[PDB]
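Engineer: Structure provided below as C-alpha cells; questions to follow.
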Protein chains: 2
Amino acid sequence: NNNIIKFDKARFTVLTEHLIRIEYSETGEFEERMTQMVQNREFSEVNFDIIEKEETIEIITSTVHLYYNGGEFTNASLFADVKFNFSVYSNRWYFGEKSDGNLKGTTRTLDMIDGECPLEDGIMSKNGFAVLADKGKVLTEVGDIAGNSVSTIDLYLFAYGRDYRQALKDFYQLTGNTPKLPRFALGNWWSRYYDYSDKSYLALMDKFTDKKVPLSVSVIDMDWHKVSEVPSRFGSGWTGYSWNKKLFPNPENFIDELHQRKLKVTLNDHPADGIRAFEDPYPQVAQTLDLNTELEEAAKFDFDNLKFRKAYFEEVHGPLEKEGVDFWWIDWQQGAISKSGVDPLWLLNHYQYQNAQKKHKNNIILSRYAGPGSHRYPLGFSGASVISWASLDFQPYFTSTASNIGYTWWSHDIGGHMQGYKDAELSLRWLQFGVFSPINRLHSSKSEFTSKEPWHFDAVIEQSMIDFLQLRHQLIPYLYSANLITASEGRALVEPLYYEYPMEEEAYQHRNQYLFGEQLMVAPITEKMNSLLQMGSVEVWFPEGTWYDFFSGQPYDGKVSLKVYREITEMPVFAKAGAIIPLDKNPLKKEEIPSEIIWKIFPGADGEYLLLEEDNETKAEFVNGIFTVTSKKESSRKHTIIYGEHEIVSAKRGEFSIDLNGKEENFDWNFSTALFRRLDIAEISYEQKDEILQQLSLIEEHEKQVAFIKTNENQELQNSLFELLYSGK
Amino acid sequence: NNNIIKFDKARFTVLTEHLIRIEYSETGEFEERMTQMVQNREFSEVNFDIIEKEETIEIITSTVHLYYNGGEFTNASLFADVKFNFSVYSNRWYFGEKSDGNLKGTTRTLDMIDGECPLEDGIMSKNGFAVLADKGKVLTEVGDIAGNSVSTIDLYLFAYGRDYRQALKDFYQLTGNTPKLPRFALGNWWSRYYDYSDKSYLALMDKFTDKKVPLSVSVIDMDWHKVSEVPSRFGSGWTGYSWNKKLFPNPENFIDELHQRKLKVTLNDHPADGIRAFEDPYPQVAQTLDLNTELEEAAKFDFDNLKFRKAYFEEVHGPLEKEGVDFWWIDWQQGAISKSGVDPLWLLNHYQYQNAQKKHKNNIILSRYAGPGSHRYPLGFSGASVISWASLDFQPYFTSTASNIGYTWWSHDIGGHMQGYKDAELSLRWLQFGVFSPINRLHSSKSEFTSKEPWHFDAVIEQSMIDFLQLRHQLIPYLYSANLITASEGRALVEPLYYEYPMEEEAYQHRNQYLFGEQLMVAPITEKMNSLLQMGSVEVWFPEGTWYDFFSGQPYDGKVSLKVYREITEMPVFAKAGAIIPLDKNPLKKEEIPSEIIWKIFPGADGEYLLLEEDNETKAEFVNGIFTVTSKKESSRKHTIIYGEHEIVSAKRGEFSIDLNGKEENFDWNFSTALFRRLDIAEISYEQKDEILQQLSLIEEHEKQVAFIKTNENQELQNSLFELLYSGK
Ligand SMILES: OC[C@H]1O[C@H](O[C@@H]2[C@@H](O)[C@@H](O)O[C@H](CO)[C@H]2O)[C@H](O)[C@@H](O)[C@@H]1O
Ligand SMILES: OC[C@H]1O[C@H](O[C@@H]2[C@@H](O)[C@@H](O)O[C@H](CO)[C@H]2O)[C@H](O)[C@@H](O)[C@@H]1O
C-alpha cells in the first residue's frame, strides 16, 4: 500500500518504475480480483516521488510524470509526460487519445485476408509509452467470470522507453507467463480440409514415412463428423460431434494406429451450432440439460453456462478423448456475441485450455487470438488466409509484431488456406518461412488442387520441401529450449529486430526480418523470383559483427544493408561468429528426446548455448577456441561437433572438452564458385555471362571489380553481383 | 390469440409458419393499429410449437427457431436459427445485426446517379431469412398519422427459405396488395423538360400520329407554370401552380385537345415552396388558412397539416383538375424533414394517391419510392439518372431487384434524364429495355440536345425506335393482364431469375436478365457494340427447355450459359416451346380494348395463357397440338393465330378450336442466312469473311465446325460464331 495512492475518485498503483495501474471508481471501491487479462498485481516495491496538492497529484518515476487534476478522467484531467526524448512533441499521453509511435501487436485472425490487415496496438512504442486498457470482466479465484469490475476505468500505463524485452517480461508478470508447450507441438503437423477415410489417412501417414518427411501431429478436419448426412431441418453440417461411420467405422482403432506411428491427434471443432438432436451425444446431453427431446430441443452453444460447459467437456468431448483424441482444434468464426459480454472465443480458449490439462501434461489447444492475456492458452491459429504472395509477404511481420502483445505461438496455415492462385514457388517460400516460425502446420482448403503434400509438386520443389520439413525436426531441440525460455523468462522465440537493436533505425526498416531464438537471424524471401536471375531477393540489415549464412557459410561484415539473392530452394538465415546451434542428428528417428545432438559452431568469436530439455540442461561453451559440453544429469546421448565446414567429433558420449584452435576456421564458400553458379542459372545473354566471368576473374582490385559491375545494364544483376563482391571483400 | 405469445416485455405473433411479428413494450401495451408500412395482421391460424421456461422462450415453426432469453432486445437476448442449410454458418439472425445473403430491394431515387448506387435490403435472402423493421407511425382507421406506436420495437422475421414468391405474396397480405393500374398507364408516355406552347405541344402530338408512334400519356413538365416570371423576392419558380398564360392562354381548351386525341394529361408538381402570394390560387388558400395577405404570408408546404392538405387538394390541384388534369406527377427532391418525423414524400404519395381516386377509377400518381408499403401508391418515378451506358447497365438489375420489396411499377426516364453524353445507340438500347420494363415513359432534361423524339436520330435509329414504340402498344394486353395478376395474386410483372429458379446458381449470376410476365425472358443489351462485329452482346443463361428468340425464332437448347449477339436494332427476348403471347393487332388504333388479338404460339410443347381484361377473361390453350380460345363473356373481337412462322387463322370471331398438328412447326431462322448476315456487317477483313463462310459451308460435322471457329484470332468473333453453331446444332 506504499505503492498504492488514492486521490479524488482515482487509485494509482506503481507496479514498477515503468508500469502504473490507473483506476476510477464512482463507489470508492476498487477492484482487487483478477480479470480476463490480469492474473497478478504482486510486484516488488519501487521508489517514486509524489507532489500532492489540494486539487492535483503528480506521480514521478525514473521514466514518467503521471498527472491527475481531479474529477472524471478526460484528456485534460489525466495525462503523462515521459522522461525521454525519442520524439520532439509525442512524449505526452492524454487519457482517451492516441499518440504516434505504437509498434502494433496482433489481431484475432487472418480469415479472408489477402495480404495486409490492420493490427491492434501492443505495449511497445518507439516513443517509449503505451496504455493497455483493461475492459474485461473480473474472475473468481478458480477462474470463472464474476461479472463487472468495480474499477469502471482500469488502465496500465507502460513507460519502458525502448526496453521492449523488460516491458514484455513485466506484461507476463501482470497477465501470467505463457505455459510450456509440449515437445510434439514443435514438429511438423499434417492438415487438410479433405474427406479422408481411416484407410486413406493412414496410407498418407505411411507415405510421409516412405518419403522421409517427419510429422508430430495428425490433424483431422471437419469431414471426420457427419456433414452431408445432416438433415437440412437441423441447419448445416458445419458443427458436428458424430463420426462419419463410412469414413471412420472404428475411430478408436484408427486413433490407435496414429498413436502407434507416434502422432498426436486433434479434431476440428466448429462449436457454434451446439449439440442438435441428430448427434450421437445428444441423448446424454439432453438428460444432463433437461432438454425437450420430443421437440428435438438443441443444446445451443452457451459457454457462459456452467452446465453447458460441463456437458460439452464431459459428454461431447469426453467420449472422443476416450477414443484417443489428444487435444482440440477450436475453429470459431461465428462472432463475439454473448449475454455476459465476454467473447465466446475467449470463453472457449480459457476453459478448453484448462480442460485440456486434465488428461495430458502441458497440453495445448489450437484457436484464434482472444485479446491480451490469451497467450495463456496456446497455440494461436490464424485461420483462412488467402493463398497469395501478398499474404506470405505480410506473415513474417505479422508473426514478430505479435510478440509486442506477448502472443508468441502463432500457427499459420503454411502455404496459405484458401482462394488465391497456384504457384509452386509460393508454396516452397511459405514452407521456408513456416520452418522458421513458431509452429509448422501444413493446412489447406476444400479444393482438390491445394494439397501441401511435397509430391504434389515437381521433383525440384518436392525435394526442397522434404529438405525443409526434415530441417524443422532437426530444429526441435533449439525450439523446445526456446519454448522453456518463453515459459520461464518471458522471452519470445520470434523477436522483431528492434528488441535486440532498439536504437538502430535500420531495425525498424526490415519488417519481415527477425531473430529466431538467440543464435539465428532470418530474412525470408516473400517475393516471386526475378526470372532473369532465377533468384528471389530480400534487403537484409546486418547488425555490427561478422555474420554467416547458416546453410552456405557465405560471410557478411556488418553493419550494412545489403540486397541478398537466393535460388527458390535456399533461404536467408544467418548466424554471428561464435554462434552454437544444436541440431537433432536423427530427425526421422522416433524417440522422445534425441539420442544424438550435432553442435554446429560458427568460428571467429566466443559463444555459448544452453540446451534446456524435459529432464536435463546441457551447456555448450566456446571460449578461446576450447569447446566444452557439460550437463546437469549424465546420459548415453552421443554428441557430434561440426566446426565451420568439418565434423571434428563423431558420436562422443558424456561430458568433454576439445581444443579447436588447431582446426580449419574457414567455410568452403568462395566468390568464384558462387559467381559461376549465379551466372550459369541466369536467363541472360551468354555474351554477358562470358564477359562478367572473364572481367571479374581478370580484375584484381576489389574497388575495380565493383566499378565493372556498376556499368552493367541489368540493375538487379548489379545488386546480385554486388552481394557476392561484398561477401568476398 | 393462439398465434399470439407474450413473454417478459415481448409479444410474438406467428402470422405464417415463415413470418413472425416481434414486439417490445415498456408499458405492457402492444400496438394493434395499422402503420405506414403494415395494413393487415389478419392471417389464417398456423401450427407451431413452444418451449417456455422460467427465463427463456423458443418458438418453433416448420422453418425457424426464434429464441428470447428475456430483458431488453439485444443481439444476445433475441436471435433465430433457420431450419435450412443454404449456408454453413450464416443461418442465424441476431437482433440488430446484419447477415450475408440479402438479395436487396430498392431505394428512393436514381437522382444524380451515374451507374450503380447502393440499395436497401429487401425481404429476400439466399440464406432464407430477412427481418423487416417497422419504424413507422401508427395510422387511424381512415389512414391519418396517429403518432408513435406503443410497440417501441416492432419487427417482422421472414423465414421463407428460397420460396421468394410466397414471401412476396405474404408481404402483400401484411402491407396491402398493389392496386390495379388503369390500362392507359401501360402505353407510351411523352415527357420533356421543355417550354412548349399549347400550339407546339399539340403539333408534337400530331407529329407522333403522322410518324405512327402511339402514345397513352401527355406529360407537361414545370414550364406549364410561371418560372422566370416569378419575382425573385418570392424565391425560385421551381414550385408553381399558375399557368404561364403566354404558353397556355386557354388551358382547358388545350387539355380538351389532348383528351380528343385520347391522351391522359399530368402536370409536374414541385410542392416544396407551397403556395406563395403571387400564385393564382393564393387568395383562396389565404382565406382558408387565415394567412396575413398584406405581409404576403406564404402557405408553406406542410403535409402533416389537415387544413394545408385540404387546401392543396381542393383549392390548388382542384381548379387544375377542373381544367382537365387527370393525375399528378409529384416531383419531390427537398428532403425527409417534417415535425411529425414522417417523410414528406410518404405523406404526398399516401394522400395524393387516395385523393386521385375521387375523380378517376384506379387512378395513379407518379412519384419517388417512399419506403416499404409505398407500392400501395403506384407509379414509382426513379428521377434524374445520368445519361450513360453505366446508368443503363444498372437499370434492369435495379428494376427486377425492386420486386424483392414489392415495388413493381418503377417508371424510369427512358434514355436517361440529364448530364452524361450523346450516343444514339445508348438511346435505342435504353428504349428497348423501357419497352420491356414496368412503364415506358420517355423523358429528358432542360437541354436543347436531349429530346427522346425518334426523328431526333438518323433514319436507322428513328425506324427502330418507332418499331419498339409500336411494340409497347402491341404488348398492352399482356401488360394489363399481368397488372391484374400483380393486384389480385401478388406476382410481379418483372421477376429476377431466382424467383422461378431459386436453386440454380446461374439464376444469381445474370443481374440484368429477368422474367417479363410468365411467357417471356428478357436479356437486355446494356453495353456499346463491338465495332468489329457491328453487334452488342450479353451473356444469357438459358434454363432447361427449348427457347426461341421472340422476334427471329432462333432456337436455344437449355440449360446453358451462352453469349448472344444482336445488331443495335434487335433485342434478346426469349419464349419457351409452348409459349402463347397475345398481341394487339392494331396498336395505333384508338379503342379502349383491342378489337383484334394476335395469338403468337411457339411450337414444341403444350401451353396456356389467360388474358384478363376490364370486363372479360379469355383462355388460350395449346394441348396435343389443338389450340382452343374460350371467353367468360361473348364479344365481336376477331382472333388472329400465328403458329411459329405462319398466320393460320385471320380475324375469326367467337370461341373456337383449330388443330395445328398438320401445320409447319419450324421457324425459317437458319444458320446459313444468319452466318452470312453476321459476316456481311462485320468490320473485319474480307479474306476472313470469305474463309469463314467457305469453311463453315464445307465442314459437315458440327464438332469440326466448332473446332474451325476455335482457331479464329478474333475472340469475340469466335463467341458470335459459336452462338450460331449452338443454335444450329
Ligand atoms: O473446417 C473447415 C475449415 O473451416 C474454416 O475455414 C473455412 C474455409 O476452408 C472455407 O470453407 O471458407 C469458409 C468461409 O470463409 C471458412 O470458414 C477454418 O478456417 C479452416 O481452417 C478449416 O479447414
Ligand atoms: O421539373 C423539371 C425536372 O426536375 C427534376 O430534375 C431536375 C433536373 O432536370 C435538372 O434541372 O437538375 C435538377 C438538380 O439536380 C433536378 O432537380 C425532375 O427529376 C425531372 O424529372 C424534371 O424534368
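Ligands are numbered from 1 in the order shown, residues from 1 within each chain, and chains are lettered A, B, ... in the order they appear in the C-alpha cells.
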Pull out every residue of chain B that has at least one atom within 6 Å of chain A, counting only C-alpha atoms, and report them as a ChimeraX atom specification.

Structural biologist: /B:76,83-85,88

Engineer: Just the selected residues (C-alpha atoms), exported as a PDB file, in the first residue's frame, please.

Structural biologist:
ATOM      1  CA  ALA B  76     -27.609 -11.833 -27.205  1.00  0.00           C
ATOM      2  CA  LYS B  83     -34.156 -24.908 -40.428  1.00  0.00           C
ATOM      3  CA  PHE B  84     -32.242 -24.740 -43.760  1.00  0.00           C
ATOM      4  CA  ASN B  85     -28.683 -25.495 -44.874  1.00  0.00           C
ATOM      5  CA  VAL B  88     -22.537 -23.320 -43.441  1.00  0.00           C
TER       6      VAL B  88
END

Engineer: Go through chain B and flag each residue having an atom no more than 12 Å from ligand 1; for those, report the closest pair of atoms plus their distance in Å to one decimal, using only C-alpha atoms and all ligand atoms, ordered by chain and rising number, as a Markdown table.

Structural biologist:
| residue | atom | partner | partner_atom_place_in_ligand_line | distance |
| --- | --- | --- | --- | --- |
| B:87 | CA | ligand 1 | 14 (C) | 9.6 |
| B:88 | CA | ligand 1 | 13 (C) | 8.0 |
| B:89 | CA | ligand 1 | 17 (O) | 8.1 |
| B:90 | CA | ligand 1 | 14 (C) | 9.9 |
| B:100 | CA | ligand 1 | 14 (C) | 11.5 |

Engineer: Need to verify the contact set: residue 525 (chain A), 12 Å, only C-alpha atoms, exclusion of same-chain residues closer than 2 positions in sequence. Can you return it as JSON, numbers by chain?

Structural biologist: {"A": [389, 390, 392, 393, 394, 395, 396, 425, 426, 427, 428, 429, 430, 431, 432, 433, 434, 510, 511, 512, 513, 522, 523, 527, 528, 529, 530, 535, 536, 537, 538, 539, 540, 563, 564, 565, 566, 567, 568, 569, 570, 571, 572, 573]}

Engineer: Grab me every residue within 8 Å of ligand 2, counting only C-alpha atoms and all ligand atoms, and send it over as a ChimeraX atom specification.

Structural biologist: /B:111-112,192-193,221-223,238,268-270,331,333,383-384,413,417-418,443-446

Engineer: Keeping only N, CA, C and O atoms, write the selected residues as a PDB file, in the first residue's frame.

Structural biologist:
ATOM      1  N   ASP B 111     -31.925   9.931 -58.814  1.00  0.00           N
ATOM      2  CA  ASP B 111     -31.488  11.335 -58.987  1.00  0.00           C
ATOM      3  C   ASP B 111     -29.954  11.436 -58.869  1.00  0.00           C
ATOM      4  O   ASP B 111     -29.397  11.030 -57.809  1.00  0.00           O
ATOM      5  N   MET B 112     -29.301  11.992 -59.894  1.00  0.00           N
ATOM      6  CA  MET B 112     -27.843  12.310 -59.884  1.00  0.00           C
ATOM      7  C   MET B 112     -26.987  11.039 -59.902  1.00  0.00           C
ATOM      8  O   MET B 112     -25.754  11.150 -59.701  1.00  0.00           O
ATOM      9  N   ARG B 192     -40.937  15.894 -71.634  1.00  0.00           N
ATOM     10  CA  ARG B 192     -39.664  16.601 -71.871  1.00  0.00           C
ATOM     11  C   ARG B 192     -39.697  17.885 -71.043  1.00  0.00           C
ATOM     12  O   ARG B 192     -40.708  18.594 -71.080  1.00  0.00           O
ATOM     13  N   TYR B 193     -38.613  18.157 -70.316  1.00  0.00           N
ATOM     14  CA  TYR B 193     -38.397  19.425 -69.583  1.00  0.00           C
ATOM     15  C   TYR B 193     -38.054  20.485 -70.633  1.00  0.00           C
ATOM     16  O   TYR B 193     -36.886  20.685 -70.994  1.00  0.00           O
ATOM     17  N   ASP B 221     -44.254  19.153 -68.262  1.00  0.00           N
ATOM     18  CA  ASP B 221     -43.286  19.484 -67.207  1.00  0.00           C
ATOM     19  C   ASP B 221     -43.431  20.948 -66.766  1.00  0.00           C
ATOM     20  O   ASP B 221     -44.264  21.734 -67.314  1.00  0.00           O
ATOM     21  N   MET B 222     -42.621  21.310 -65.786  1.00  0.00           N
ATOM     22  CA  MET B 222     -42.763  22.501 -64.911  1.00  0.00           C
ATOM     23  C   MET B 222     -42.913  23.827 -65.688  1.00  0.00           C
ATOM     24  O   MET B 222     -43.348  24.786 -65.055  1.00  0.00           O
ATOM     25  N   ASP B 223     -42.496  23.930 -66.939  1.00  0.00           N
ATOM     26  CA  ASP B 223     -42.662  25.188 -67.740  1.00  0.00           C
ATOM     27  C   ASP B 223     -44.143  25.413 -68.080  1.00  0.00           C
ATOM     28  O   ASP B 223     -44.466  26.476 -68.654  1.00  0.00           O
ATOM     29  N   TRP B 238     -39.417  27.228 -59.189  1.00  0.00           N
ATOM     30  CA  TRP B 238     -39.402  25.737 -59.257  1.00  0.00           C
ATOM     31  C   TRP B 238     -40.790  25.167 -58.928  1.00  0.00           C
ATOM     32  O   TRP B 238     -41.328  24.378 -59.730  1.00  0.00           O
ATOM     33  N   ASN B 268     -46.299  18.324 -63.921  1.00  0.00           N
ATOM     34  CA  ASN B 268     -45.243  18.326 -62.884  1.00  0.00           C
ATOM     35  C   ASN B 268     -45.654  19.204 -61.709  1.00  0.00           C
ATOM     36  O   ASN B 268     -45.966  20.413 -61.906  1.00  0.00           O
ATOM     37  N   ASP B 269     -45.526  18.666 -60.512  1.00  0.00           N
ATOM     38  CA  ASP B 269     -45.699  19.436 -59.274  1.00  0.00           C
ATOM     39  C   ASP B 269     -44.479  19.300 -58.391  1.00  0.00           C
ATOM     40  O   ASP B 269     -44.201  18.195 -57.913  1.00  0.00           O
ATOM     41  N   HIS B 270     -43.798  20.414 -58.223  1.00  0.00           N
ATOM     42  CA  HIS B 270     -42.729  20.626 -57.242  1.00  0.00           C
ATOM     43  C   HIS B 270     -43.351  21.259 -56.009  1.00  0.00           C
ATOM     44  O   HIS B 270     -43.475  22.501 -55.942  1.00  0.00           O
ATOM     45  N   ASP B 331     -43.096  15.567 -57.840  1.00  0.00           N
ATOM     46  CA  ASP B 331     -41.648  15.578 -58.126  1.00  0.00           C
ATOM     47  C   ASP B 331     -40.931  16.199 -56.948  1.00  0.00           C
ATOM     48  O   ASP B 331     -40.523  17.372 -57.026  1.00  0.00           O
ATOM     49  N   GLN B 333     -37.949  16.510 -54.200  1.00  0.00           N
ATOM     50  CA  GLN B 333     -36.483  16.310 -54.047  1.00  0.00           C
ATOM     51  C   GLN B 333     -35.952  17.101 -52.868  1.00  0.00           C
ATOM     52  O   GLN B 333     -34.733  17.253 -52.809  1.00  0.00           O
ATOM     53  N   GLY B 383     -36.547   9.178 -61.369  1.00  0.00           N
ATOM     54  CA  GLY B 383     -35.945  10.519 -61.426  1.00  0.00           C
ATOM     55  C   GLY B 383     -34.670  10.631 -62.258  1.00  0.00           C
ATOM     56  O   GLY B 383     -34.578  10.047 -63.369  1.00  0.00           O
ATOM     57  N   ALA B 384     -33.810  11.545 -61.810  1.00  0.00           N
ATOM     58  CA  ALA B 384     -32.818  12.259 -62.642  1.00  0.00           C
ATOM     59  C   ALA B 384     -31.534  11.438 -62.779  1.00  0.00           C
ATOM     60  O   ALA B 384     -30.456  11.901 -62.365  1.00  0.00           O
ATOM     61  N   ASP B 413     -36.882   7.289 -66.399  1.00  0.00           N
ATOM     62  CA  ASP B 413     -36.714   8.146 -67.578  1.00  0.00           C
ATOM     63  C   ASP B 413     -36.046   7.328 -68.671  1.00  0.00           C
ATOM     64  O   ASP B 413     -34.840   7.050 -68.556  1.00  0.00           O
ATOM     65  N   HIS B 417     -31.945  10.781 -67.811  1.00  0.00           N
ATOM     66  CA  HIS B 417     -32.541  12.115 -67.585  1.00  0.00           C
ATOM     67  C   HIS B 417     -31.612  13.236 -68.040  1.00  0.00           C
ATOM     68  O   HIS B 417     -32.033  14.107 -68.822  1.00  0.00           O
ATOM     69  N   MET B 418     -30.433  13.300 -67.473  1.00  0.00           N
ATOM     70  CA  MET B 418     -29.629  14.530 -67.583  1.00  0.00           C
ATOM     71  C   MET B 418     -28.121  14.250 -67.615  1.00  0.00           C
ATOM     72  O   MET B 418     -27.658  13.107 -67.359  1.00  0.00           O
ATOM     73  N   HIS B 443     -38.507  10.647 -71.241  1.00  0.00           N
ATOM     74  CA  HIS B 443     -38.350  11.927 -70.518  1.00  0.00           C
ATOM     75  C   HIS B 443     -36.893  12.375 -70.634  1.00  0.00           C
ATOM     76  O   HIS B 443     -36.013  11.523 -70.821  1.00  0.00           O
ATOM     77  N   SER B 444     -36.666  13.684 -70.499  1.00  0.00           N
ATOM     78  CA  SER B 444     -35.329  14.310 -70.607  1.00  0.00           C
ATOM     79  C   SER B 444     -35.261  15.629 -69.857  1.00  0.00           C
ATOM     80  O   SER B 444     -36.318  16.236 -69.533  1.00  0.00           O
ATOM     81  N   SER B 445     -34.010  16.046 -69.696  1.00  0.00           N
ATOM     82  CA  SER B 445     -33.502  17.305 -69.110  1.00  0.00           C
ATOM     83  C   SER B 445     -33.939  18.535 -69.895  1.00  0.00           C
ATOM     84  O   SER B 445     -34.433  18.410 -71.011  1.00  0.00           O
ATOM     85  N   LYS B 446     -33.588  19.697 -69.341  1.00  0.00           N
ATOM     86  CA  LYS B 446     -33.778  21.021 -69.983  1.00  0.00           C
ATOM     87  C   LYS B 446     -32.824  21.280 -71.178  1.00  0.00           C
ATOM     88  O   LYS B 446     -32.965  22.312 -71.860  1.00  0.00           O
TER      89      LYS B 446
END

Engineer: Identify which of the residues A:447, A:712, A:650, A:40 lies closest to residue 387 (chain A), counting only C-alpha atoms when measuring atom-to-atom distances.

Structural biologist: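 Of all the options, A:447 lies closest to residue 387 (chain A).
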
Engineer: What separation in Å, quoted to one decimal, exists between CA of residue 448 (chain A) and CA of residue 246 (chain A)?

Structural biologist: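 So the two atoms, CA of residue 448 (chain A) and CA of residue 246 (chain A), lie 20.3 Å apart.
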
Engineer: With only C-alpha atoms as the basis for distance, which of A:179, A:203, A:509, A:676 is at the shortest distance from residue 357 (chain A)?

Structural biologist: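 Nearest candidate to residue 357 (chain A) out of A:179, A:203, A:509, A:676: A:179.
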
Engineer: Give me, please, the distance in Å between CA of residue 224 (chain A) and CA of residue 469 (chain A), quoted to one decimal.

Structural biologist: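 So the answer is 25.8 Å.
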
Engineer: Between CA of residue 694 (chain B) and CA of residue 548 (chain B), what is the distance, to one decimal in Å?

Structural biologist: 27.4 Å

Engineer: Determine, counting only C-alpha atoms, which protein, DNA and RNA residues have an atom within 10 Å of an atom of residue 618 (chain B); residues of the same chain fewer than 3 positions away are not included. Present the result as number ranges by chain.

Structural biologist: B: 609-613, 621, 629-634, 655

Engineer: May I have the selected residues written with C-alpha atoms, as a PDB file, in the first residue's frame?

Structural biologist:
ATOM      1  CA  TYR B 609     -52.397 -18.127 -71.446  1.00  0.00           C
ATOM      2  CA  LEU B 610     -55.201 -16.342 -69.509  1.00  0.00           C
ATOM      3  CA  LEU B 611     -55.943 -12.821 -70.879  1.00  0.00           C
ATOM      4  CA  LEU B 612     -57.524 -10.839 -68.004  1.00  0.00           C
ATOM      5  CA  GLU B 613     -59.346  -7.665 -69.169  1.00  0.00           C
ATOM      6  CA  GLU B 621     -54.924 -23.420 -74.512  1.00  0.00           C
ATOM      7  CA  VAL B 629     -59.841 -19.952 -77.378  1.00  0.00           C
ATOM      8  CA  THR B 630     -62.790 -19.521 -74.907  1.00  0.00           C
ATOM      9  CA  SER B 631     -64.043 -16.398 -73.017  1.00  0.00           C
ATOM     10  CA  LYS B 632     -66.323 -15.800 -69.998  1.00  0.00           C
ATOM     11  CA  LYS B 633     -68.412 -13.189 -71.953  1.00  0.00           C
ATOM     12  CA  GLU B 634     -69.041 -13.219 -75.784  1.00  0.00           C
ATOM     13  CA  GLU B 655     -64.937 -19.135 -79.264  1.00  0.00           C
TER      14      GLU B 655
END

Engineer: Taking only region 151-317 of chain A into account, list the residues labelled helix (DSSP H, G or I) by DSSP (computed from the backbone), as a PyMOL selection string.

Structural biologist: chain A and resi 164-175+183-186+198-210+222-224+232-234+251-260+271-273+282-288+293-295+306-317

Engineer: Fewer than 5 positions away in the same chain doesn't count, so skip those; otherwise give me all residues within 8 Å of residue 106 (chain B), counting only C-alpha atoms, as a VMD selection string.

Structural biologist: chain B and resid 119 to 122 398 401 to 402 405 407

Engineer: Can you list, as a list in words, every residue of region 110-204 of chain B that DSSP puts in strand (DSSP E or B)?

Structural biologist: residues 125, 130, 131, 132, 133, 138, 139, 145, 146, 147, 153, 154, 155, 156, 157, 158, 188, 189 and 190 of chain B

Engineer: Grab the residues selected above and save them as a compact mmCIF listing (two decimals), in the first residue's frame with N, CA and C atoms.

Structural biologist:
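Just written: again_33.txt:
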# COMPACT_ATOMS: atom_id res chain seq x y z
N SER B 125 -33.65 -13.42 -49.18
CA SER B 125 -32.25 -13.77 -48.85
C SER B 125 -31.94 -15.16 -49.40
N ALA B 130 -34.94 -12.91 -43.52
CA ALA B 130 -34.83 -11.44 -43.58
C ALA B 130 -35.65 -10.85 -42.44
N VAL B 131 -35.19 -9.74 -41.87
CA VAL B 131 -36.00 -9.01 -40.88
C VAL B 131 -36.37 -7.65 -41.46
N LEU B 132 -37.65 -7.36 -41.40
CA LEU B 132 -38.24 -6.08 -41.86
C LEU B 132 -38.68 -5.31 -40.61
N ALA B 133 -37.93 -4.29 -40.20
CA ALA B 133 -38.25 -3.45 -39.03
C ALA B 133 -39.40 -2.52 -39.40
N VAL B 138 -48.07 4.99 -36.37
CA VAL B 138 -49.41 4.36 -36.46
C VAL B 138 -50.34 5.24 -37.26
N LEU B 139 -51.32 4.62 -37.92
CA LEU B 139 -52.43 5.29 -38.63
C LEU B 139 -53.74 5.18 -37.83
N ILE B 145 -52.07 9.89 -39.88
CA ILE B 145 -50.97 9.66 -38.91
C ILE B 145 -51.51 9.89 -37.49
N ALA B 146 -51.36 8.90 -36.61
CA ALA B 146 -51.88 8.94 -35.23
C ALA B 146 -50.75 9.24 -34.24
N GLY B 147 -49.49 9.05 -34.64
CA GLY B 147 -48.31 9.31 -33.80
C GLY B 147 -47.51 8.04 -33.62
N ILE B 153 -40.41 -1.38 -30.23
CA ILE B 153 -39.72 -2.23 -31.25
C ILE B 153 -40.80 -3.11 -31.89
N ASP B 154 -40.85 -3.15 -33.21
CA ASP B 154 -41.88 -3.89 -33.96
C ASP B 154 -41.17 -4.38 -35.22
N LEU B 155 -40.91 -5.69 -35.29
CA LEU B 155 -40.10 -6.37 -36.36
C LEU B 155 -40.94 -7.48 -36.99
N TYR B 156 -40.67 -7.80 -38.26
CA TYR B 156 -41.23 -8.97 -38.98
C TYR B 156 -40.06 -9.85 -39.38
N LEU B 157 -39.98 -11.05 -38.80
CA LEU B 157 -38.99 -12.07 -39.20
C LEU B 157 -39.60 -12.91 -40.31
N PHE B 158 -39.00 -12.82 -41.50
CA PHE B 158 -39.34 -13.64 -42.68
C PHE B 158 -38.36 -14.81 -42.70
N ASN B 188 -47.18 4.19 -74.13
CA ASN B 188 -46.03 5.12 -74.19
C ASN B 188 -46.44 6.45 -73.56
N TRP B 189 -45.54 7.03 -72.76
CA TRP B 189 -45.70 8.41 -72.26
C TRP B 189 -44.70 9.32 -72.97
N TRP B 190 -45.13 10.52 -73.33
CA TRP B 190 -44.22 11.58 -73.81
C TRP B 190 -43.98 12.56 -72.69

Engineer: I'd like to know which of B:206, B:257, B:114, B:584 is closest to residue 421 (chain B), using only C-alpha atoms.

Structural biologist: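 So, comparing all the options, the nearest one is B:114.
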
Engineer: I'd like the neighbourhood of residue 466 (chain A) as a PyMOL selection string, where a residue qualifies if any of its atoms comes within 10 Å (using only C-alpha atoms), though same-chain residues fewer than 5 positions away should be ignored.

Structural biologist: chain A and resi 208+211-214+453-455+461+471

Engineer: Here is a test: counting only C-alpha atoms, which residue of A:240, A:324, A:271, A:662 is nearest to residue 253 (chain A)?

Structural biologist: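 Using only C-alpha atoms, residue 253 (chain A) sits closest to A:324.
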